[PDB]
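Structure file protein_29.pdb with PDB, C-alpha atoms and all ligand atoms:
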```pdb
ATOM      1  CA  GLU Y 697     -78.871  15.817 -30.493
ATOM      2  CA  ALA Y 698     -77.428  14.796 -27.205
ATOM      3  CA  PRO Y 699     -74.453  16.494 -25.485
ATOM      4  CA  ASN Y 700     -71.186  14.630 -26.083
ATOM      5  CA  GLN Y 701     -69.771  14.467 -22.549
ATOM      6  CA  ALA Y 702     -66.752  12.355 -23.488
ATOM      7  CA  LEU Y 703     -63.558  13.182 -21.619
ATOM      8  CA  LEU Y 704     -60.420  14.175 -23.506
ATOM      9  CA  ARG Y 705     -57.365  13.182 -21.469
ATOM     10  CA  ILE Y 706     -54.143  15.206 -21.840
ATOM     11  CA  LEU Y 707     -51.090  13.071 -21.067
ATOM     12  CA  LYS Y 708     -47.750  14.319 -19.782
ATOM     13  CA  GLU Y 709     -44.968  13.412 -22.188
ATOM     14  CA  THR Y 710     -42.895  12.286 -19.180
ATOM     15  CA  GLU Y 711     -45.535   9.601 -18.517
ATOM     16  CA  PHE Y 712     -44.531   7.314 -21.383
ATOM     17  CA  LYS Y 713     -41.575   5.604 -23.080
ATOM     18  CA  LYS Y 714     -41.225   5.193 -26.887
ATOM     19  CA  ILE Y 715     -39.735   1.717 -27.254
ATOM     20  CA  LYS Y 716     -39.604   1.498 -31.075
ATOM     21  CA  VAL Y 717     -41.026   2.510 -34.454
ATOM     22  CA  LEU Y 718     -43.801   0.245 -35.728
ATOM     23  CA  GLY Y 719     -44.416   1.770 -39.164
ATOM     24  CA  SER Y 720     -44.300   4.911 -41.261
ATOM     25  CA  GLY Y 724     -47.943   8.935 -40.470
ATOM     26  CA  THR Y 725     -45.570   7.399 -37.901
ATOM     27  CA  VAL Y 726     -46.653   4.892 -35.222
ATOM     28  CA  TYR Y 727     -44.526   4.015 -32.178
ATOM     29  CA  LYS Y 728     -44.683   1.173 -29.680
ATOM     30  CA  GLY Y 729     -44.544   2.316 -26.089
ATOM     31  CA  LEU Y 730     -45.416   2.097 -22.408
ATOM     32  CA  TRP Y 731     -47.731   4.520 -20.618
ATOM     33  CA  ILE Y 732     -47.173   4.812 -16.866
ATOM     34  CA  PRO Y 733     -49.754   7.039 -15.162
ATOM     35  CA  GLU Y 734     -47.746   8.486 -12.281
ATOM     36  CA  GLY Y 735     -47.940   6.703  -8.952
ATOM     37  CA  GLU Y 736     -50.608   4.363 -10.322
ATOM     38  CA  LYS Y 737     -48.287   1.308 -10.461
ATOM     39  CA  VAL Y 738     -49.587   0.208 -13.862
ATOM     40  CA  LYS Y 739     -47.823   0.072 -17.217
ATOM     41  CA  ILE Y 740     -50.083   0.275 -20.272
ATOM     42  CA  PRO Y 741     -48.638  -0.851 -23.623
ATOM     43  CA  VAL Y 742     -49.653   1.807 -26.142
ATOM     44  CA  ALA Y 743     -49.357   2.841 -29.758
ATOM     45  CA  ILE Y 744     -48.287   6.466 -30.274
ATOM     46  CA  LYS Y 745     -49.301   8.067 -33.579
ATOM     47  CA  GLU Y 746     -46.955  11.028 -34.092
ATOM     48  CA  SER Y 752     -48.160  21.993 -39.768
ATOM     49  CA  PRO Y 753     -51.504  23.568 -38.760
ATOM     50  CA  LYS Y 754     -53.400  21.381 -41.244
ATOM     51  CA  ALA Y 755     -51.852  18.247 -39.746
ATOM     52  CA  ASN Y 756     -52.889  19.362 -36.244
ATOM     53  CA  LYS Y 757     -56.525  20.094 -37.004
ATOM     54  CA  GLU Y 758     -57.016  16.795 -38.850
ATOM     55  CA  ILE Y 759     -55.443  14.790 -36.016
ATOM     56  CA  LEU Y 760     -57.581  16.598 -33.436
ATOM     57  CA  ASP Y 761     -60.667  15.696 -35.468
ATOM     58  CA  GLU Y 762     -59.628  12.057 -35.237
ATOM     59  CA  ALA Y 763     -59.048  12.392 -31.479
ATOM     60  CA  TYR Y 764     -62.510  13.898 -31.162
ATOM     61  CA  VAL Y 765     -64.165  10.873 -32.798
ATOM     62  CA  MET Y 766     -61.959   8.291 -31.069
ATOM     63  CA  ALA Y 767     -62.692   9.891 -27.679
ATOM     64  CA  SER Y 768     -66.438   9.604 -28.263
ATOM     65  CA  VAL Y 769     -66.399   5.849 -28.924
ATOM     66  CA  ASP Y 770     -66.346   3.047 -26.372
ATOM     67  CA  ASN Y 771     -66.947  -0.409 -27.821
ATOM     68  CA  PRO Y 772     -64.912  -3.630 -27.603
ATOM     69  CA  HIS Y 773     -64.477  -3.769 -31.389
ATOM     70  CA  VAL Y 774     -63.679  -0.081 -31.884
ATOM     71  CA  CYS Y 775     -60.221   1.372 -31.362
ATOM     72  CA  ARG Y 776     -59.735   2.989 -27.971
ATOM     73  CA  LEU Y 777     -58.307   6.480 -27.425
ATOM     74  CA  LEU Y 778     -56.369   6.797 -24.199
ATOM     75  CA  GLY Y 779     -55.428  10.446 -24.595
ATOM     76  CA  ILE Y 780     -53.355  12.968 -26.494
ATOM     77  CA  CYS Y 781     -49.985  14.519 -25.751
ATOM     78  CA  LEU Y 782     -49.533  18.179 -26.631
ATOM     79  CA  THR Y 783     -46.233  18.648 -28.398
ATOM     80  CA  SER Y 784     -45.563  20.194 -31.720
ATOM     81  CA  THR Y 785     -46.090  16.846 -33.244
ATOM     82  CA  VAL Y 786     -49.364  16.261 -31.305
ATOM     83  CA  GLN Y 787     -49.480  12.533 -30.547
ATOM     84  CA  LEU Y 788     -52.506  10.268 -30.432
ATOM     85  CA  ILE Y 789     -52.033   7.579 -27.791
ATOM     86  CA  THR Y 790     -54.097   4.397 -28.115
ATOM     87  CA  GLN Y 791     -54.077   0.763 -27.064
ATOM     88  CA  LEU Y 792     -51.261  -1.291 -28.592
ATOM     89  CA  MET Y 793     -52.544  -3.883 -31.055
ATOM     90  CA  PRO Y 794     -49.597  -6.298 -30.907
ATOM     91  CA  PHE Y 795     -50.488  -8.270 -34.059
ATOM     92  CA  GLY Y 796     -50.824  -5.268 -36.385
ATOM     93  CA  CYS Y 797     -53.424  -4.716 -39.065
ATOM     94  CA  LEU Y 798     -55.600  -7.646 -40.081
ATOM     95  CA  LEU Y 799     -54.691  -7.454 -43.767
ATOM     96  CA  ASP Y 800     -50.974  -8.041 -43.158
ATOM     97  CA  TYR Y 801     -52.013 -10.712 -40.679
ATOM     98  CA  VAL Y 802     -54.017 -12.799 -43.134
ATOM     99  CA  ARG Y 803     -51.310 -12.331 -45.769
ATOM    100  CA  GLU Y 804     -48.683 -13.545 -43.305
ATOM    101  CA  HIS Y 805     -50.555 -16.457 -41.698
ATOM    102  CA  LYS Y 806     -52.860 -17.686 -44.486
ATOM    103  CA  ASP Y 807     -51.658 -21.283 -44.121
ATOM    104  CA  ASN Y 808     -52.786 -21.404 -40.483
ATOM    105  CA  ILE Y 809     -56.019 -19.378 -40.547
ATOM    106  CA  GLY Y 810     -59.101 -21.541 -40.152
ATOM    107  CA  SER Y 811     -62.752 -20.843 -40.938
ATOM    108  CA  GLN Y 812     -63.539 -20.259 -37.273
ATOM    109  CA  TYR Y 813     -61.172 -17.311 -37.163
ATOM    110  CA  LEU Y 814     -62.484 -15.857 -40.449
ATOM    111  CA  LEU Y 815     -66.170 -15.956 -39.509
ATOM    112  CA  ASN Y 816     -65.639 -14.476 -36.067
ATOM    113  CA  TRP Y 817     -63.597 -11.607 -37.493
ATOM    114  CA  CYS Y 818     -66.637 -10.976 -39.702
ATOM    115  CA  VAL Y 819     -68.882 -11.022 -36.614
ATOM    116  CA  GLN Y 820     -66.630  -8.689 -34.635
ATOM    117  CA  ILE Y 821     -66.235  -6.194 -37.466
ATOM    118  CA  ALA Y 822     -70.016  -6.136 -37.953
ATOM    119  CA  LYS Y 823     -70.438  -5.494 -34.219
ATOM    120  CA  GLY Y 824     -67.989  -2.596 -34.392
ATOM    121  CA  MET Y 825     -69.762  -1.099 -37.395
ATOM    122  CA  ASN Y 826     -73.233  -1.591 -35.907
ATOM    123  CA  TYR Y 827     -72.011   0.300 -32.860
ATOM    124  CA  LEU Y 828     -70.677   3.154 -34.986
ATOM    125  CA  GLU Y 829     -74.093   3.216 -36.658
ATOM    126  CA  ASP Y 830     -75.818   3.459 -33.270
ATOM    127  CA  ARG Y 831     -73.601   6.465 -32.571
ATOM    128  CA  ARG Y 832     -74.564   7.879 -35.990
ATOM    129  CA  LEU Y 833     -70.983   7.687 -37.309
ATOM    130  CA  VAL Y 834     -70.094   6.851 -40.923
ATOM    131  CA  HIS Y 835     -66.585   5.433 -41.119
ATOM    132  CA  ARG Y 836     -65.963   6.011 -44.877
ATOM    133  CA  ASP Y 837     -62.637   4.115 -44.837
ATOM    134  CA  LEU Y 838     -63.465   0.544 -43.732
ATOM    135  CA  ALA Y 839     -60.901  -1.944 -45.081
ATOM    136  CA  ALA Y 840     -58.846  -4.863 -43.815
ATOM    137  CA  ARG Y 841     -55.850  -2.527 -43.421
ATOM    138  CA  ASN Y 842     -57.981  -0.486 -40.973
ATOM    139  CA  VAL Y 843     -58.883  -3.442 -38.734
ATOM    140  CA  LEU Y 844     -56.344  -3.988 -35.982
ATOM    141  CA  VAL Y 845     -55.578  -7.265 -34.216
ATOM    142  CA  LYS Y 846     -55.366  -7.217 -30.412
ATOM    143  CA  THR Y 847     -55.289 -11.028 -30.347
ATOM    144  CA  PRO Y 848     -56.093 -13.511 -33.134
ATOM    145  CA  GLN Y 849     -59.396 -13.878 -31.241
ATOM    146  CA  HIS Y 850     -60.187 -10.140 -30.965
ATOM    147  CA  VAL Y 851     -60.072  -7.365 -33.597
ATOM    148  CA  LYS Y 852     -60.992  -3.670 -33.540
ATOM    149  CA  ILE Y 853     -61.924  -1.119 -36.192
ATOM    150  CA  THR Y 854     -59.447   1.771 -36.495
ATOM    151  CA  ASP Y 855     -58.723   4.918 -38.544
ATOM    152  CA  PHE Y 856     -61.527   7.434 -37.981
ATOM    153  CA  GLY Y 857     -59.827  10.358 -39.719
ATOM    154  CA  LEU Y 858     -62.209  10.231 -42.668
ATOM    155  CA  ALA Y 859     -65.234   9.447 -40.464
ATOM    156  CA  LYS Y 860     -68.095  11.941 -40.347
ATOM    157  CA  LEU Y 861     -70.900  12.338 -37.818
ATOM    158  CA  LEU Y 862     -74.575  12.754 -38.747
ATOM    159  CA  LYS Y 867     -79.059  10.848 -43.293
ATOM    160  CA  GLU Y 868     -76.368  11.250 -45.928
ATOM    161  CA  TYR Y 869     -72.958  12.918 -46.101
ATOM    162  CA  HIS Y 870     -72.014  15.205 -49.009
ATOM    163  CA  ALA Y 871     -68.211  15.327 -49.284
ATOM    164  CA  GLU Y 872     -65.588  17.434 -51.037
ATOM    165  CA  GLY Y 873     -62.895  16.358 -53.495
ATOM    166  CA  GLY Y 874     -60.288  14.813 -51.204
ATOM    167  CA  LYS Y 875     -58.622  11.559 -52.161
ATOM    168  CA  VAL Y 876     -60.620   8.380 -51.534
ATOM    169  CA  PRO Y 877     -60.215   4.598 -51.840
ATOM    170  CA  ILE Y 878     -62.356   3.905 -54.900
ATOM    171  CA  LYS Y 879     -62.134   0.097 -54.696
ATOM    172  CA  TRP Y 880     -63.793  -0.086 -51.254
ATOM    173  CA  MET Y 881     -66.398   2.549 -52.128
ATOM    174  CA  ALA Y 882     -70.079   2.149 -52.823
ATOM    175  CA  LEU Y 883     -71.148   3.358 -56.238
ATOM    176  CA  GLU Y 884     -73.314   6.202 -54.894
ATOM    177  CA  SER Y 885     -70.101   7.470 -53.295
ATOM    178  CA  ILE Y 886     -67.892   7.204 -56.375
ATOM    179  CA  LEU Y 887     -70.385   9.086 -58.514
ATOM    180  CA  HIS Y 888     -72.224  11.441 -56.133
ATOM    181  CA  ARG Y 889     -69.825  11.657 -53.134
ATOM    182  CA  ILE Y 890     -72.696  10.361 -50.962
ATOM    183  CA  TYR Y 891     -71.870   8.296 -47.869
ATOM    184  CA  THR Y 892     -74.250   6.500 -45.515
ATOM    185  CA  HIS Y 893     -74.165   3.599 -43.109
ATOM    186  CA  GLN Y 894     -75.279   1.605 -46.152
ATOM    187  CA  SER Y 895     -72.303   2.798 -48.185
ATOM    188  CA  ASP Y 896     -70.242   1.537 -45.221
ATOM    189  CA  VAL Y 897     -71.854  -1.888 -45.701
ATOM    190  CA  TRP Y 898     -70.427  -1.993 -49.232
ATOM    191  CA  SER Y 899     -66.937  -1.437 -47.811
ATOM    192  CA  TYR Y 900     -67.644  -4.195 -45.298
ATOM    193  CA  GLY Y 901     -68.358  -6.487 -48.253
ATOM    194  CA  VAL Y 902     -64.988  -5.716 -49.830
ATOM    195  CA  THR Y 903     -63.382  -6.145 -46.392
ATOM    196  CA  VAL Y 904     -64.836  -9.660 -46.047
ATOM    197  CA  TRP Y 905     -63.664 -10.432 -49.568
ATOM    198  CA  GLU Y 906     -60.193  -9.238 -48.564
ATOM    199  CA  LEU Y 907     -60.245 -11.692 -45.644
ATOM    200  CA  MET Y 908     -61.701 -14.658 -47.559
ATOM    201  CA  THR Y 909     -59.012 -14.303 -50.251
ATOM    202  CA  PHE Y 910     -56.337 -13.982 -47.525
ATOM    203  CA  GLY Y 911     -55.601 -10.424 -48.538
ATOM    204  CA  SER Y 912     -55.816 -10.234 -52.304
ATOM    205  CA  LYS Y 913     -56.075  -6.796 -53.857
ATOM    206  CA  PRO Y 914     -59.584  -5.919 -55.099
ATOM    207  CA  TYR Y 915     -59.706  -5.487 -58.869
ATOM    208  CA  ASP Y 916     -55.969  -6.014 -59.051
ATOM    209  CA  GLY Y 917     -54.434  -4.631 -62.218
ATOM    210  CA  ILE Y 918     -57.207  -2.077 -62.790
ATOM    211  CA  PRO Y 919     -56.801   1.708 -62.240
ATOM    212  CA  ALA Y 920     -59.304   3.484 -60.036
ATOM    213  CA  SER Y 921     -60.781   5.426 -63.029
ATOM    214  CA  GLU Y 922     -62.425   2.420 -64.670
ATOM    215  CA  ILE Y 923     -63.993   1.074 -61.476
ATOM    216  CA  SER Y 924     -67.141   3.202 -61.717
ATOM    217  CA  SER Y 925     -68.052   1.888 -65.179
ATOM    218  CA  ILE Y 926     -67.178  -1.715 -64.276
ATOM    219  CA  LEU Y 927     -69.653  -1.589 -61.404
ATOM    220  CA  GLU Y 928     -72.181   0.093 -63.687
ATOM    221  CA  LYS Y 929     -72.007  -2.802 -66.161
ATOM    222  CA  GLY Y 930     -72.805  -5.198 -63.297
ATOM    223  CA  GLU Y 931     -69.373  -6.666 -62.558
ATOM    224  CA  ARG Y 932     -68.325  -7.524 -58.985
ATOM    225  CA  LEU Y 933     -65.436  -9.156 -57.135
ATOM    226  CA  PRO Y 934     -65.141 -12.910 -57.849
ATOM    227  CA  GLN Y 935     -66.279 -15.672 -55.511
ATOM    228  CA  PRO Y 936     -63.246 -16.608 -53.366
ATOM    229  CA  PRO Y 937     -62.281 -20.287 -53.622
ATOM    230  CA  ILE Y 938     -62.936 -21.074 -49.947
ATOM    231  CA  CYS Y 939     -66.376 -19.402 -50.018
ATOM    232  CA  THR Y 940     -69.594 -21.345 -50.126
ATOM    233  CA  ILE Y 941     -72.436 -19.712 -52.010
ATOM    234  CA  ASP Y 942     -73.922 -18.921 -48.580
ATOM    235  CA  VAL Y 943     -70.999 -16.658 -47.658
ATOM    236  CA  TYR Y 944     -70.506 -15.242 -51.153
ATOM    237  CA  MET Y 945     -74.184 -14.325 -51.443
ATOM    238  CA  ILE Y 946     -73.679 -12.104 -48.400
ATOM    239  CA  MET Y 947     -70.848 -10.214 -50.077
ATOM    240  CA  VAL Y 948     -72.949  -9.765 -53.210
ATOM    241  CA  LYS Y 949     -75.893  -8.397 -51.209
ATOM    242  CA  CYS Y 950     -73.481  -5.833 -49.715
ATOM    243  CA  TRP Y 951     -72.874  -4.699 -53.310
ATOM    244  CA  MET Y 952     -76.479  -4.063 -54.402
ATOM    245  CA  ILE Y 953     -77.046  -0.896 -56.404
ATOM    246  CA  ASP Y 954     -80.052  -0.037 -54.242
ATOM    247  CA  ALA Y 955     -78.472   0.842 -50.912
ATOM    248  CA  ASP Y 956     -81.454  -0.115 -48.798
ATOM    249  CA  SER Y 957     -81.368  -3.544 -50.441
ATOM    250  CA  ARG Y 958     -77.940  -3.964 -48.828
ATOM    251  CA  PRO Y 959     -77.877  -5.762 -45.454
ATOM    252  CA  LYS Y 960     -77.816  -3.930 -42.150
ATOM    253  CA  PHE Y 961     -74.865  -4.480 -39.840
ATOM    254  CA  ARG Y 962     -77.152  -5.972 -37.186
ATOM    255  CA  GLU Y 963     -78.295  -8.486 -39.810
ATOM    256  CA  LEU Y 964     -74.691  -9.238 -40.781
ATOM    257  CA  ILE Y 965     -73.931  -9.992 -37.127
ATOM    258  CA  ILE Y 966     -76.766 -12.538 -37.017
ATOM    259  CA  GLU Y 967     -75.881 -14.268 -40.299
ATOM    260  CA  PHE Y 968     -72.158 -14.624 -39.610
ATOM    261  CA  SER Y 969     -72.971 -15.715 -36.035
ATOM    262  CA  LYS Y 970     -75.132 -18.541 -37.366
ATOM    263  CA  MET Y 971     -72.293 -19.519 -39.705
ATOM    264  CA  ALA Y 972     -69.720 -19.316 -36.904
ATOM    265  CA  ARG Y 973     -71.479 -22.143 -35.038
ATOM    266  CA  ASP Y 974     -70.657 -24.543 -37.918
ATOM    267  CA  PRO Y 975     -67.757 -22.923 -39.778
ATOM    268  CA  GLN Y 976     -66.715 -25.839 -41.986
ATOM    269  CA  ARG Y 977     -70.225 -25.822 -43.474
ATOM    270  CA  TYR Y 978     -69.572 -22.299 -44.810
ATOM    271  CA  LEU Y 979     -65.829 -22.063 -45.530
ATOM    272  CA  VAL Y 980     -63.835 -24.888 -47.099
ATOM    273  CA  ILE Y 981     -60.124 -24.715 -46.285
ATOM    274  CA  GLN Y 982     -57.701 -27.590 -46.656
ATOM    275  CA  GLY Y 983     -56.262 -28.651 -43.342
ATOM    276  CA  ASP Y 984     -58.703 -26.547 -41.331
ATOM    277  CA  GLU Y 985     -59.225 -29.319 -38.745
ATOM    278  CA  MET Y1007     -42.912  -6.099 -16.547
ATOM    279  CA  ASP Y1008     -44.971  -7.270 -13.549
ATOM    280  CA  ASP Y1009     -47.382  -4.321 -13.476
ATOM    281  CA  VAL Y1010     -48.487  -4.558 -17.102
ATOM    282  CA  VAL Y1011     -52.203  -3.963 -17.645
ATOM    283  CA  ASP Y1012     -54.021  -4.100 -20.949
ATOM    284  CA  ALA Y1013     -55.749  -0.825 -21.812
ATOM    285  CA  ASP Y1014     -59.095  -2.674 -21.958
ATOM    286  CA  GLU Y1015     -58.652  -3.309 -18.216
ATOM    287  CA  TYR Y1016     -57.542   0.228 -17.315
ATOM    288  CA  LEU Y1017     -60.782   2.186 -16.929
TER     289      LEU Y1017
HETATM  290  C1  LIG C1101     -51.435  -2.843 -42.301
HETATM  291  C2  LIG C1101     -50.476  -1.929 -41.552
HETATM  292  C3  LIG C1101     -50.210  -2.337 -40.143
HETATM  293  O1  LIG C1101     -49.835  -3.483 -39.859
HETATM  294  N1  LIG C1101     -50.379  -1.449 -39.097
HETATM  295  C4  LIG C1101     -50.820  -0.085 -39.376
HETATM  296  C5  LIG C1101     -49.689   0.966 -39.295
HETATM  297  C6  LIG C1101     -48.424   0.552 -38.510
HETATM  298  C7  LIG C1101     -48.659  -0.009 -37.115
HETATM  299  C8  LIG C1101     -48.775  -1.525 -37.171
HETATM  300  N2  LIG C1101     -48.645  -2.186 -35.846
HETATM  301  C9  LIG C1101     -49.331  -1.857 -34.652
HETATM  302  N3  LIG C1101     -50.246  -0.812 -34.594
HETATM  303  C10 LIG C1101     -50.996  -0.415 -33.509
HETATM  304  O2  LIG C1101     -50.845  -1.020 -32.450
HETATM  305  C11 LIG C1101     -51.981   0.685 -33.569
HETATM  306  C12 LIG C1101     -52.913   0.954 -32.567
HETATM  307  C13 LIG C1101     -53.832   1.993 -32.697
HETATM  308  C14 LIG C1101     -53.851   2.797 -33.830
HETATM  309  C15 LIG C1101     -52.932   2.533 -34.844
HETATM  310  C16 LIG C1101     -52.952   3.405 -36.083
HETATM  311  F1  LIG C1101     -54.043   3.233 -36.876
HETATM  312  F2  LIG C1101     -52.953   4.735 -35.840
HETATM  313  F3  LIG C1101     -51.906   3.182 -36.921
HETATM  314  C17 LIG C1101     -52.024   1.495 -34.709
HETATM  315  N4  LIG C1101     -48.994  -2.696 -33.653
HETATM  316  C18 LIG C1101     -48.047  -3.626 -34.178
HETATM  317  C19 LIG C1101     -47.379  -4.699 -33.524
HETATM  318  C20 LIG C1101     -46.489  -5.481 -34.241
HETATM  319  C21 LIG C1101     -46.248  -5.217 -35.597
HETATM  320  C22 LIG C1101     -46.882  -4.169 -36.276
HETATM  321  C23 LIG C1101     -46.539  -3.980 -37.714
HETATM  322  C24 LIG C1101     -47.808  -3.349 -35.551
HETATM  323  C25 LIG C1101     -50.110  -1.931 -37.761
END
```
Using the file provided, produce a representation of the structure as structure tokens.
Amino acid sequence: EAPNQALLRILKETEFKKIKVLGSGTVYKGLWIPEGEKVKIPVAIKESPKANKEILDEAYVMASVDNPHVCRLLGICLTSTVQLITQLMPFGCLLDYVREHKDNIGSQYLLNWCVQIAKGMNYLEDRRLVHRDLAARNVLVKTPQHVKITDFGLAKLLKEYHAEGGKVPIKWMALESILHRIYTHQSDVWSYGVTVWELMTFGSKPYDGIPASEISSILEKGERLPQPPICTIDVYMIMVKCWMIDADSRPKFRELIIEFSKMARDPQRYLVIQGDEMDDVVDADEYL
């Protein structure tokens, strides 16, 4: 158990401008200007004692991660509403993005999102972190060519995690987790499988028209999400393996990287889609 020497940066509130509300749990668009640095960083600003301790837990995890497919923490601002400041992801969450652009999303984009998400998750596994809330809504889009995993509030650091009775997304959850509140990197792989299904259906809702309470018995009887129309058996077999009952039968993220990478070199063999064929601004990824 190695010492976590990550730096937590406190930001002066006078160092940034809130341009606009992005969504609302409120997120703002903004510009961070470290004083006398002559850079402007576009940022997202996520703005009760319980609220404060939970948001500081998230800041803790986000400050201990540094990977190109993991969300970046720039710093915090100490106010009574205690803001998280991160890199601005100008295209929003990936689930809204596939819903909005489904008629122009080709197989190349789909398979490389799958690669990049697997890279993010494999990195979180290397740092012994279990995300516990992986879903297309929690993947942000920096560019159509570059996505990052976000939302580490539920994440817990480590062989298994025994949780309490807080509210949980049953439809993205492994079955061990629904029944026994157990979470592992392999229960994260299950959520990855639902995530890929979300993408391949262009953002359909898993088990739509079913309440969370029946899900556990459905999965016990052997039922799974259907094969998306665009999906070859090759791709759909990968989802199904992510949904094995035996968690060590599920793929590892490093294996998922390899498989989707192979498929990304010939994407039309694996997905069938009709028609597939401010001067001082600095991106946060370049401000080190
Ligand atoms: C699926 C919901 C969605 O589109 N979101 C999530 C919540 C609202 C913000 C939306 N948005 C952003 N977000 C971010 O840039 C961002 C960065 C880091 C962390 C977070 C988080 F998780 F805390 F919320 C958000 N950027 C844009 C740009 C344009 C449009 C939208 C809607 C947008 C994304």
task: Figure out the distance between atom CA of residue 777 of chain Y and atom CA of residue 742 of chain Y, please, to one decimal in Å.
output: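 Calculated distance between atom CA of residue 742 of chain Y and atom CA of residue 777 of chain Y is 9.9 Å.
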task: Take the PyMOL selection byres (((chain Y and resi 896) around 8) and not hetatm), apply it to the structure above, and return the hits as an MDAnalysis selection string.
output: chainID Y and resid 834:836 838 881:882 891:895 897:900
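Counting all atoms listed in the file, residue 918 of chain Y has the following residues at most 12 Å away, ignoring those fewer than 6 positions along the same chain: residues 878, 879, 924, 925 and 926 of chain Y.
Coordinates place atom CA of residue 794 of chain Y at a distance of 9.1 Å from atom CA of residue 741 of chain Y.
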task: State, in Å with one decimal place, the distance from atom CA of residue 724 of chain Y to atom CA of residue 802 of chain Y.
output: 22.7 Å
Per-residue nearest contacts chain Y to ligand LIG 1101 (chain C), cut-off 8 Å, using all atoms listed in the file, as a tab-separated table:
```
residue	atom	partner	partner_atom	distance
Y:718	CA	C:LIG1101	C7	5.1
Y:719	CA	C:LIG1101	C6	4.2
Y:720	CA	C:LIG1101	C6	6.6
Y:724	CA	C:LIG1101	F3	7.8
Y:725	CA	C:LIG1101	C6	7.4
Y:726	CA	C:LIG1101	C7	5.6
Y:727	CA	C:LIG1101	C7	7.6
Y:728	CA	C:LIG1101	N4	7.0
Y:742	CA	C:LIG1101	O2	7.0
Y:743	CA	C:LIG1101	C12	4.9
Y:744	CA	C:LIG1101	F2	7.5
Y:745	CA	C:LIG1101	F2	5.4
Y:775	CA	C:LIG1101	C13	6.6
Y:776	CA	C:LIG1101	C13	7.6
Y:788	CA	C:LIG1101	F2	7.7
Y:789	CA	C:LIG1101	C13	7.6
Y:790	CA	C:LIG1101	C13	5.2
Y:791	CA	C:LIG1101	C12	5.6
Y:792	CA	C:LIG1101	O2	3.9
Y:793	CA	C:LIG1101	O2	3.6
Y:794	CA	C:LIG1101	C19	3.8
Y:795	CA	C:LIG1101	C19	4.8
Y:796	CA	C:LIG1101	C24	3.7
Y:797	CA	C:LIG1101	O1	3.9
Y:798	CA	C:LIG1101	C1	6.7
Y:799	CA	C:LIG1101	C1	5.8
Y:800	CA	C:LIG1101	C1	5.3
Y:801	CA	C:LIG1101	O1	7.6
Y:840	CA	C:LIG1101	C1	7.8
Y:841	CA	C:LIG1101	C1	4.6
Y:842	CA	C:LIG1101	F1	6.8
Y:844	CA	C:LIG1101	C25	6.8
Y:846	CA	C:LIG1101	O2	7.9
Y:854	CA	C:LIG1101	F1	5.6
Y:855	CA	C:LIG1101	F1	5.2
```
task: Could you tell me which residues the PyMOL selection byres (((chain Y and resi 731) around 10) and not hetatm) grabs in this file, written as a count of residues only?
output: 26
Enclosing box along x, y and z for every listed atom of segment 704-719 of chain Y, padded 6 Å each side, centre and size in Å, one decimal, as AutoDock Vina command-line options:
```
--center_x -50.0 --center_y 7.7 --center_z -28.8 --size_x 32.8 --size_y 27.0 --size_z 32.6
```
query: With only C-alpha atoms as the atoms that count, which of Y:782, Y:760, Y:943, Y:843 lies nearest to residue 970 of chain Y?
result: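 Among the listed residues, Y:943 lies closest to residue 970 of chain Y.
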- request: List the residues matched by the PyMOL selection byres (((chain Y and resi 705) around 8) and not hetatm) in the displayed structure as a ChimeraX atom specification, ordered by chain and then by residue number.
  value: /Y:703-704,706-707,778-780
